[PDB]
$ cat work-v3.cif   # mmCIF, C-alpha atoms
data_structure
#
loop_
_atom_site.label_atom_id
_atom_site.label_comp_id
_atom_site.auth_asym_id
_atom_site.auth_seq_id
_atom_site.Cartn_x
_atom_site.Cartn_y
_atom_site.Cartn_z
CA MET A 1 -62.24 9.20 6.18
CA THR A 2 -61.89 8.39 2.50
CA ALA A 3 -60.39 5.17 1.23
CA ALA A 4 -56.90 4.31 0.07
CA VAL A 5 -58.37 1.24 -1.67
CA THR A 6 -59.87 3.66 -4.21
CA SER A 7 -61.27 7.04 -3.21
CA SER A 8 -64.47 7.91 -1.40
CA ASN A 9 -66.69 10.85 -2.39
CA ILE A 10 -66.51 11.09 -6.25
CA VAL A 11 -65.05 13.80 -8.36
CA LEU A 12 -63.60 15.68 -5.37
CA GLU A 13 -61.13 13.18 -3.91
CA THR A 14 -61.48 10.93 -6.95
CA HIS A 15 -60.59 14.14 -8.76
CA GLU A 16 -57.29 14.29 -6.85
CA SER A 17 -56.42 10.75 -7.94
CA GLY A 18 -57.58 11.90 -11.37
CA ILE A 19 -54.81 14.52 -11.45
CA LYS A 20 -52.08 12.36 -9.91
CA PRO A 21 -50.49 10.79 -13.07
CA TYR A 22 -49.29 14.22 -14.32
CA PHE A 23 -47.33 14.87 -11.10
CA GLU A 24 -46.39 11.18 -10.75
CA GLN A 25 -44.65 10.35 -14.04
CA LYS A 26 -42.16 13.19 -13.43
CA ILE A 27 -41.00 12.13 -9.97
CA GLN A 28 -40.99 8.38 -10.61
CA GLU A 29 -38.98 8.96 -13.81
CA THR A 30 -36.44 11.14 -12.00
CA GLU A 31 -36.29 8.70 -9.06
CA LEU A 32 -34.98 5.63 -10.88
CA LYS A 33 -32.99 7.70 -13.40
CA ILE A 34 -31.00 9.91 -11.03
CA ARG A 35 -30.30 7.18 -8.46
CA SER A 36 -28.74 5.01 -11.17
CA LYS A 37 -26.52 7.96 -12.07
CA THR A 38 -25.46 8.13 -8.41
CA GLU A 39 -24.44 4.47 -8.67
CA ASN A 40 -22.69 5.08 -12.04
CA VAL A 41 -20.63 8.10 -10.91
CA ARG A 42 -19.54 6.00 -7.93
CA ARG A 43 -18.75 3.01 -10.21
CA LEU A 44 -16.42 5.10 -12.35
CA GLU A 45 -14.85 6.73 -9.28
CA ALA A 46 -14.14 3.24 -7.93
CA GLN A 47 -12.41 2.26 -11.16
CA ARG A 48 -9.95 5.15 -10.99
CA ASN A 49 -9.37 4.77 -7.24
CA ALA A 50 -8.08 1.32 -8.04
CA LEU A 51 -5.80 2.76 -10.70
CA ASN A 52 -4.70 5.50 -8.32
CA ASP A 53 -3.50 3.05 -5.71
CA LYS A 54 -1.21 1.36 -8.20
CA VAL A 55 0.22 4.46 -9.85
CA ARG A 56 0.96 6.32 -6.67
CA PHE A 57 2.75 3.64 -4.80
CA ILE A 58 5.56 3.94 -7.31
CA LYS A 59 6.31 7.61 -6.73
CA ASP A 60 6.66 7.58 -2.97
CA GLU A 61 8.64 4.39 -3.26
CA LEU A 62 11.31 6.35 -5.12
CA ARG A 63 12.48 7.85 -1.82
CA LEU A 64 13.17 4.47 -0.37
CA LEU A 65 15.10 3.42 -3.42
CA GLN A 66 17.25 6.53 -3.49
CA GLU A 67 18.60 6.15 0.06
CA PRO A 68 22.23 6.68 1.15
CA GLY A 69 23.38 3.43 2.68
CA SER A 70 22.12 1.14 5.42
CA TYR A 71 24.84 -0.84 7.32
CA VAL A 72 24.03 -3.60 9.80
CA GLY A 73 25.57 -3.08 13.24
CA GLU A 74 25.74 -4.77 16.61
CA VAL A 75 25.70 -3.20 20.07
CA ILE A 76 28.89 -3.86 21.98
CA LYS A 77 27.50 -1.72 24.78
CA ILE A 78 25.24 1.24 25.58
CA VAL A 79 26.34 4.42 27.28
CA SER A 80 24.08 6.41 29.62
CA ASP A 81 25.25 9.52 27.80
CA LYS A 82 22.40 8.53 25.43
CA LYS A 83 24.75 7.23 22.76
CA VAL A 84 25.52 3.66 21.85
CA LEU A 85 28.75 1.98 20.93
CA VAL A 86 27.96 0.17 17.68
CA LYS A 87 30.30 -2.01 15.66
CA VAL A 88 29.32 -1.84 12.01
CA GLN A 89 30.17 -5.23 10.61
CA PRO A 90 31.95 -4.50 7.28
CA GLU A 91 33.49 -1.37 8.77
CA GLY A 92 34.51 -0.31 12.29
CA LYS A 93 33.06 1.18 15.46
CA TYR A 94 31.09 4.40 15.87
CA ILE A 95 29.48 5.90 18.93
CA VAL A 96 26.30 7.51 17.70
CA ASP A 97 22.96 8.88 18.83
CA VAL A 98 19.68 6.91 18.80
CA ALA A 99 16.19 7.53 17.43
CA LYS A 100 12.89 7.55 19.30
CA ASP A 101 11.82 3.97 18.62
CA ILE A 102 14.39 2.51 20.98
CA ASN A 103 16.51 3.59 23.87
CA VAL A 104 19.31 2.44 26.10
CA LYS A 105 17.02 0.23 28.19
CA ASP A 106 15.75 -1.62 25.14
CA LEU A 107 19.35 -2.11 24.10
CA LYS A 108 21.76 -4.61 25.61
CA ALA A 109 24.98 -6.20 24.36
CA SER A 110 25.21 -8.79 21.55
CA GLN A 111 21.96 -7.54 19.94
CA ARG A 112 21.88 -6.97 16.20
CA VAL A 113 20.44 -3.71 14.96
CA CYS A 114 19.45 -2.09 11.69
CA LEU A 115 20.82 1.33 10.68
CA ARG A 116 19.50 4.06 8.48
CA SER A 117 22.73 5.90 7.70
CA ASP A 118 21.62 9.45 8.26
CA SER A 119 24.82 9.54 10.14
CA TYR A 120 24.57 5.91 11.37
CA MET A 121 21.21 6.63 13.04
CA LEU A 122 20.05 3.52 14.92
CA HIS A 123 16.65 2.54 13.56
CA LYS A 124 15.27 -0.80 14.78
CA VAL A 125 16.51 -4.06 16.15
CA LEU A 126 17.27 -6.61 13.51
CA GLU A 127 15.02 -9.64 13.44
CA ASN A 128 18.01 -11.95 12.97
CA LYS A 129 21.08 -13.06 14.92
CA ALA A 130 23.46 -16.00 14.51
CA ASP A 131 24.52 -17.29 17.90
CA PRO A 132 28.26 -17.86 18.31
CA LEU A 133 27.60 -21.19 20.02
CA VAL A 134 25.43 -22.09 17.08
CA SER A 135 28.40 -21.53 14.81
CA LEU A 136 30.23 -24.48 16.34
CA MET A 137 27.10 -26.60 16.26
CA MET A 138 26.24 -25.69 12.71
CA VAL A 139 29.58 -26.50 11.20
CA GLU A 140 29.45 -29.77 13.08
CA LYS A 141 25.83 -30.16 11.93
CA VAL A 142 23.64 -32.25 14.25
CA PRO A 143 19.90 -33.10 14.14
CA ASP A 144 17.83 -34.25 17.10
CA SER A 145 17.58 -37.90 18.32
CA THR A 146 15.46 -39.87 20.82
CA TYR A 147 15.60 -43.37 22.33
CA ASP A 148 14.58 -45.27 19.22
CA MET A 149 18.05 -44.46 17.93
CA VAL A 150 19.49 -46.26 20.98
CA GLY A 151 16.75 -48.70 21.93
CA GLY A 152 17.40 -52.41 22.25
CA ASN B 35 -55.15 11.44 5.72
CA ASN B 36 -54.05 9.62 2.54
CA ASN B 37 -56.53 10.52 -0.17
CA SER B 38 -57.63 13.80 1.47
CA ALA B 39 -54.96 16.44 0.57
CA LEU B 40 -53.25 14.06 -1.88
CA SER B 41 -52.19 17.06 -4.05
CA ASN B 42 -50.54 18.70 -1.00
CA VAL B 43 -48.28 15.65 -0.68
CA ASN B 44 -47.57 15.71 -4.42
CA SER B 45 -46.51 19.34 -4.50
CA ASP B 46 -43.90 18.93 -1.77
CA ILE B 47 -42.23 15.94 -3.40
CA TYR B 48 -42.10 17.86 -6.64
CA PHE B 49 -40.56 21.01 -5.26
CA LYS B 50 -37.88 19.08 -3.32
CA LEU B 51 -36.77 16.95 -6.24
CA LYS B 52 -36.55 19.88 -8.65
CA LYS B 53 -33.85 21.35 -6.44
CA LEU B 54 -31.96 18.17 -5.53
CA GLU B 55 -31.55 17.11 -9.15
CA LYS B 56 -29.70 20.34 -9.93
CA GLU B 57 -27.30 19.32 -7.16
CA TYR B 58 -27.07 15.86 -8.85
CA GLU B 59 -26.44 17.51 -12.23
CA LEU B 60 -23.06 18.44 -10.67
CA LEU B 61 -22.57 14.72 -9.99
CA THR B 62 -23.33 13.90 -13.64
CA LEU B 63 -20.76 16.57 -14.46
CA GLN B 64 -18.40 14.54 -12.28
CA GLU B 65 -19.33 11.31 -14.15
CA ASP B 66 -18.31 12.70 -17.52
CA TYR B 67 -15.02 13.97 -16.03
CA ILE B 68 -13.77 10.83 -14.25
CA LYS B 69 -13.97 8.97 -17.57
CA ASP B 70 -11.21 11.40 -18.60
CA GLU B 71 -9.17 10.89 -15.41
CA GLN B 72 -8.85 7.10 -15.84
CA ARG B 73 -7.01 7.57 -19.16
CA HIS B 74 -4.78 10.20 -17.61
CA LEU B 75 -3.81 7.85 -14.77
CA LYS B 76 -2.91 5.08 -17.15
CA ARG B 77 -0.65 7.37 -19.14
CA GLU B 78 1.11 8.42 -15.96
CA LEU B 79 1.68 4.83 -14.95
CA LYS B 80 3.46 4.03 -18.19
CA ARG B 81 5.56 7.07 -17.34
CA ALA B 82 5.89 6.08 -13.71
CA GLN B 83 7.42 2.77 -14.71
CA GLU B 84 9.58 4.39 -17.36
CA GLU B 85 11.20 6.39 -14.64
CA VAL B 86 12.20 3.39 -12.64
CA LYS B 87 13.38 1.46 -15.64
CA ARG B 88 16.09 4.05 -16.17
CA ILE B 89 17.23 3.04 -12.72
CA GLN B 90 16.83 -0.61 -13.58
CA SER B 91 19.24 -0.51 -16.49
CA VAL B 92 22.99 -0.14 -15.94
CA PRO B 93 25.26 1.04 -14.28
CA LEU B 94 24.76 -1.66 -11.70
CA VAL B 95 26.59 -3.64 -9.11
CA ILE B 96 25.98 -7.27 -8.33
CA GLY B 97 25.01 -8.55 -4.91
CA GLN B 98 23.78 -11.78 -3.35
CA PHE B 99 20.52 -12.19 -1.45
CA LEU B 100 20.92 -13.68 1.98
CA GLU B 101 17.50 -13.64 3.59
CA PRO B 102 14.42 -11.45 3.71
CA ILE B 103 13.59 -9.35 6.69
CA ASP B 104 10.07 -8.58 5.63
CA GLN B 105 8.90 -8.94 2.04
CA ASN B 106 9.36 -5.23 1.24
CA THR B 107 12.78 -5.08 2.85
CA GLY B 108 15.55 -7.59 2.33
CA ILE B 109 19.17 -8.17 3.19
CA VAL B 110 21.95 -8.33 0.64
CA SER B 111 25.68 -8.55 0.92
CA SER B 112 27.16 -6.55 -1.93
CA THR B 113 30.33 -7.82 -3.59
CA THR B 114 32.23 -5.01 -1.98
CA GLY B 115 31.71 -7.09 1.14
CA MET B 116 29.30 -4.68 2.77
CA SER B 117 25.81 -5.34 3.99
CA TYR B 118 22.83 -3.27 3.13
CA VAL B 119 19.24 -3.42 4.07
CA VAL B 120 17.46 -2.59 0.90
CA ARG B 121 14.06 -2.03 -0.63
CA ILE B 122 12.61 -4.97 -2.51
CA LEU B 123 11.27 -3.58 -5.73
CA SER B 124 7.76 -4.58 -6.66
CA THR B 125 6.92 -6.61 -9.76
CA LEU B 126 9.86 -8.93 -9.17
CA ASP B 127 10.42 -12.54 -8.13
CA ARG B 128 9.70 -13.49 -4.57
CA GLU B 129 9.91 -17.27 -4.79
CA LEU B 130 13.39 -17.73 -6.19
CA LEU B 131 14.43 -14.54 -4.49
CA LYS B 132 13.82 -15.69 -0.99
CA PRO B 133 16.22 -18.65 -1.25
CA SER B 134 19.78 -17.54 -1.87
CA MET B 135 20.29 -16.26 -5.42
CA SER B 136 22.02 -13.53 -7.35
CA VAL B 137 20.34 -10.20 -7.55
CA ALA B 138 21.01 -6.86 -9.12
CA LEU B 139 21.38 -3.68 -7.12
CA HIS B 140 21.89 -0.12 -8.10
CA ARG B 141 25.25 1.51 -7.50
CA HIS B 142 24.28 5.09 -6.69
CA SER B 143 21.00 4.41 -4.90
#
$ encode --input "work-v3.cif" --output "structure tokens"
Amino acid sequence: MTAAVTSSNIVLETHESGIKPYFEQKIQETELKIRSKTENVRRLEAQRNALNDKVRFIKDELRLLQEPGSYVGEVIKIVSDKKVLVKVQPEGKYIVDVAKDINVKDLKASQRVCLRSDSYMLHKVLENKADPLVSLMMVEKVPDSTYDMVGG
Amino acid sequence: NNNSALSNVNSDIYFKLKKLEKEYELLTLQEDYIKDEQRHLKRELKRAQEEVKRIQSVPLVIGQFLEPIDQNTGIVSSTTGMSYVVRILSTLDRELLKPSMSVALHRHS
């Protein structure tokens, strides 16, 4: 009916625009003010979250550092009694129970494993092996050739 | 409309915001407090490291680094001729460590 370009029908709805600035300064003032405090409280949270990450990695890492022993082994053979025959390499042989990550059908002979010595508790496979055929070839030491090393 | 009942729109905005800014006065309470937390966390770091430095200093035993297995776990052969998979401590070398080089290990840990 009445305009939003100005008002139509003077001092009744131009009266309502007349009384707007008293209600309007309060809510516009609080709007920019209290939103910038939302951003600020979040800014100073973010700062200490960053510090938290660094300080707290140290304390849990203590557990890892204060571990009793590790001991790399190798599977001679499994047994279907749900134990494995493992030759620890500096020491001797122990038949010992496995963890949940691996089982007797993920284990085969001549595979290197990692141990967490909770009583020689098999943990993971090791990501390294040195082949016994590669021993001979290493100590010989040969690189690859092609037919430009023979050609002519 | 827009300009018909303009003071009925005003009053509702005003009542809402009076209440919500009391709930945001608890967030300005938070803003003054987290300034205090950041200094606390820095003092606990200096202490966190102090802990581990006790472990760093002697008694020690001397090993030899063979090869990494991740970058947070490595392999060493100790000079008792025994192999251990060990934690790689942070804030150390990782570029002369990964090639074969002497390295210090703790004796009780």
$ interface_residues --input "work-v3.cif" --of "chain A" --to "chain B" --cutoff "6 Å" --atoms "all atoms listed in the file" --output "list in words"
residues 41, 48, 55, 66, 67, 70, 71 and 90 of chain A
$ atom_distance --input "work-v3.cif" --atom1 "atom CA of residue 78 of chain A" --atom2 "atom CA of residue 104 of chain A"
6.1 Å
$ closest_residue --input "work-v3.cif" --among "A:17, A:135, A:89, A:9" --to "residue 114 of chain A" --atoms "only C-alpha atoms"
A:89
$ residues_around --input "work-v3.cif" --residues "residue 96 of chain B" --least-positions-apart "5" --cutoff "10 Å" --atoms "all atoms listed in the file" --output "ChimeraX atom specification"
/B:110-114,136-141
$ closest_residue --input "work-v3.cif" --among "A:64, A:25, A:148, A:43" --to "residue 106 of chain B" --atoms "all atoms listed in the file"
A:64
$ atom_distance --input "work-v3.cif" --atom1 "atom CA of residue 102 of chain A" --atom2 "atom CA of residue 132 of chain B"
28.5 Å
$ resolve_selection --input "work-v3.cif" --expression "the PyMOL selection byres ((chain A and resi 117-133) around 8)" --output "list in words"
residues 68, 69, 70, 71, 96, 97, 98, 99, 101, 102, 111, 112, 113, 114, 115, 116, 134, 135, 136 and 137 of chain A; 103 of chain B
$ atom_distance --input "work-v3.cif" --atom1 "atom CA of residue 73 of chain A" --atom2 "atom CA of residue 86 of chain A"
6.0 Å
$ build_atoms --input "work-v3.cif" --residues "segment 9-23 of chain A" --atoms "N, CA, C and O atoms" --output "short mmCIF file (atom, residue, chain, number, x, y, z; two decimals), in the frame of the given file"
data_model
loop_
_atom_site.label_atom_id
_atom_site.label_comp_id
_atom_site.auth_asym_id
_atom_site.auth_seq_id
_atom_site.Cartn_x
_atom_site.Cartn_y
_atom_site.Cartn_z
N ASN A 9 -66.15 9.53 -2.05
CA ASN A 9 -66.69 10.85 -2.39
C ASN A 9 -66.22 11.35 -3.77
O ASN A 9 -65.31 12.17 -3.86
N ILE A 10 -66.84 10.85 -4.84
CA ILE A 10 -66.51 11.09 -6.25
C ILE A 10 -66.49 12.57 -6.67
O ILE A 10 -66.90 13.44 -5.91
N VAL A 11 -66.10 12.86 -7.91
CA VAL A 11 -65.05 13.80 -8.36
C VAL A 11 -64.48 14.92 -7.48
O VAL A 11 -64.14 15.99 -8.01
N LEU A 12 -64.44 14.77 -6.15
CA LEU A 12 -63.60 15.68 -5.37
C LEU A 12 -62.30 15.01 -4.95
O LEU A 12 -61.22 15.48 -5.33
N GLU A 13 -62.36 13.90 -4.21
CA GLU A 13 -61.13 13.18 -3.91
C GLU A 13 -60.81 12.11 -4.94
O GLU A 13 -59.68 11.62 -4.98
N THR A 14 -61.79 11.69 -5.75
CA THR A 14 -61.48 10.93 -6.95
C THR A 14 -61.03 11.85 -8.07
O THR A 14 -60.41 11.40 -9.04
N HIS A 15 -61.24 13.16 -7.90
CA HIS A 15 -60.59 14.14 -8.76
C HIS A 15 -59.10 14.25 -8.45
O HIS A 15 -58.28 14.41 -9.36
N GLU A 16 -58.72 14.15 -7.16
CA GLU A 16 -57.29 14.29 -6.85
C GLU A 16 -56.49 13.10 -7.38
O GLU A 16 -55.38 13.27 -7.92
N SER A 17 -57.04 11.88 -7.27
CA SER A 17 -56.42 10.75 -7.94
C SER A 17 -56.47 10.93 -9.45
O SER A 17 -55.58 10.45 -10.16
N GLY A 18 -57.51 11.61 -9.95
CA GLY A 18 -57.58 11.90 -11.37
C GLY A 18 -56.44 12.77 -11.88
O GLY A 18 -56.09 12.69 -13.06
N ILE A 19 -55.88 13.62 -11.02
CA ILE A 19 -54.81 14.52 -11.45
C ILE A 19 -53.45 14.07 -10.95
O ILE A 19 -52.45 14.76 -11.17
N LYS A 20 -53.38 12.91 -10.30
CA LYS A 20 -52.08 12.36 -9.91
C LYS A 20 -51.10 11.98 -11.02
O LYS A 20 -49.91 12.29 -10.89
N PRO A 21 -51.50 11.32 -12.12
CA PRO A 21 -50.49 10.79 -13.07
C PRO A 21 -49.60 11.84 -13.73
O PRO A 21 -48.51 11.49 -14.21
N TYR A 22 -49.99 13.12 -13.68
CA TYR A 22 -49.29 14.22 -14.32
C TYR A 22 -48.12 14.63 -13.42
O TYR A 22 -47.02 14.92 -13.89
N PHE A 23 -48.36 14.60 -12.09
CA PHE A 23 -47.33 14.87 -11.10
C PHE A 23 -46.46 13.64 -10.85
O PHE A 23 -45.32 13.77 -10.41
#
